[PDB]
Amino acid sequence: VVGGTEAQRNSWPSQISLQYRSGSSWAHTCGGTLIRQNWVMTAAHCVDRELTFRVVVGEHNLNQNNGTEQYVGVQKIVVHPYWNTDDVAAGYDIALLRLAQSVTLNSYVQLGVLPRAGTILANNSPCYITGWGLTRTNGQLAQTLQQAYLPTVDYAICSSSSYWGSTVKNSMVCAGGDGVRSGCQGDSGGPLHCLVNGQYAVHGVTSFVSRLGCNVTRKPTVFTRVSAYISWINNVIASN
Ligand SMILES: *C(=O)[C@@H](CC)[C@@H](CNS(=O)(=O)c1ccc([N+](=O)[O-])cc1)C(=O)O
Ligand SMILES: [Ca+2]
């Protein structure tokens with residue numbers, strides 16, 4: 001997250017860290033949202049590489065023991081069947097991870113609330129992106145979980161020529177684009193939390209930023225619109 005602030009430890013209990021085995025250790029690669037005690041929602045592009053993955057729930061500082069983490073392997077990966085790694089702009093950037101063990105819920109570990117199917121937010125709706133992604137374009141991951149206020153940019157504006165044009169689809173949510181705050185590499189897969197009727201709900205799965213940089217004016221961070229995939233998500237969890 002560029003232009004973020006450190007999140008309080010219990011603000012976003014559904015945020016997870018998706019990591020891959022790196023020799024003797026594990027490295028953060030993407031965020032995710034815990035949606036069942038044994039299921040995580042993340043971006044399909046986060047699991048394009050054939051790596052060994054684990055999920056960390058109750059994480060706050062990637063480089064220190066927080067005394068709250070639970071570590072679980074990934075037992076199954078279900079990517080949306082229409083995902084294509086060479087066309088992120090086509091959409092379908094979503095995947096569900098079945099965990100090897102069910103995690104235990106507490107103030108640091110909770111299920112993310114998902115919007116009702118079809119819900120579309122009005123332009124400029126209040127949302128926060130969270131994650132450990134780079135803190136600057138071409139920078140380094142954050143140590144502590146970061147959050148940034150990114151108001152939505154509706155489809156008509158976001159798909160306009162000076163913003164993202166045809167690259168943005170109605171199955172995506174755009175948020176931010178102020179040139180200061182944004183998602184960045186490593187935030188992909190995590191949640192976009194938006195306040196609707198007094199409750200934060202995960203409306204987006206972080207998907208992409210401009211190739212020009214993370215925080216680019218009129219290139220808001222782009223997320224898979226969760227409310228477009230409620231049936232798909234329920235079908236996968238019921239069939240697995
Ligand atoms: C996500 O982090 C976005 C920026 C919000 C970037 C791409 N995702 S990534 O850099 O985390 C990533 C993760 C995993 C793979 N892979 O497994 O192939 C690839 C990229 C972005 O849009 O640059
Ligand atoms: Ca930690």
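In this chain, residues are counted from 1 in sequence order.
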Requested in this report: Count the heavy atoms of every other residue, nucleotide or ligand shown that sit under 6.0 Å from CG of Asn63, and state whether that count exceeds 12.
Outcome: yes
Query raised in the report: Between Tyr200 and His193, is the ring centre distance below 6.0 Å?
Result: no
Report summary line: Residues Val88 and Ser207: closest non-hydrogen pair is CG1-OG, 3.7 Å
Requested in this report: Would you confirm whether the ring centroid of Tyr71 sits within less than 6.0 angstrom of the ring centroid of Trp26?
Outcome: no
Requested in this report: Report the residues that fulfil side-chain hydrogen bond (donor to acceptor under 3.5 Å, both in side chains) with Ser171, sequence neighbours left out, ordered by chain and then residue number.
Outcome: none
Report task. For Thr224 and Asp93, test the side chains for any donor-to-acceptor distance below 3.5 angstrom and give the result as yes or no. Result -> no
**Report entry** Quiz item: cation-pi between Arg49 and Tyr20, 6.0 Å / 45°
**Finding:** yes
Requested in this report: Among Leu111, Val40, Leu96, find the residue that satisfies the side chain to side chain contact (heavy atoms under 4.5 Å, CB included) test when tested with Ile35.
Outcome: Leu96
Query raised in the report: Of all heavy-atom pairs between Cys194 and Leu121, which one has the smallest distance, and what is that distance?
Result: SG-CD1, 3.7 Å
Requested in this report: State whether the side chain of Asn215 and the backbone N or O of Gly179 hold a donor-acceptor pair below 3.5 Å, judged by distance alone.
Outcome: yes
Query raised in the report: Under the 3.5 angstrom rule, does the side chain of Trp132 hit a backbone N or O of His60 as a donor-acceptor pair?
Result: yes
Query raised in the report: Among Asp187, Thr137, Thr221, which residue meets the side chain to side chain contact (heavy atoms under 4.5 Å, CB included) test with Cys214?
Result: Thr137
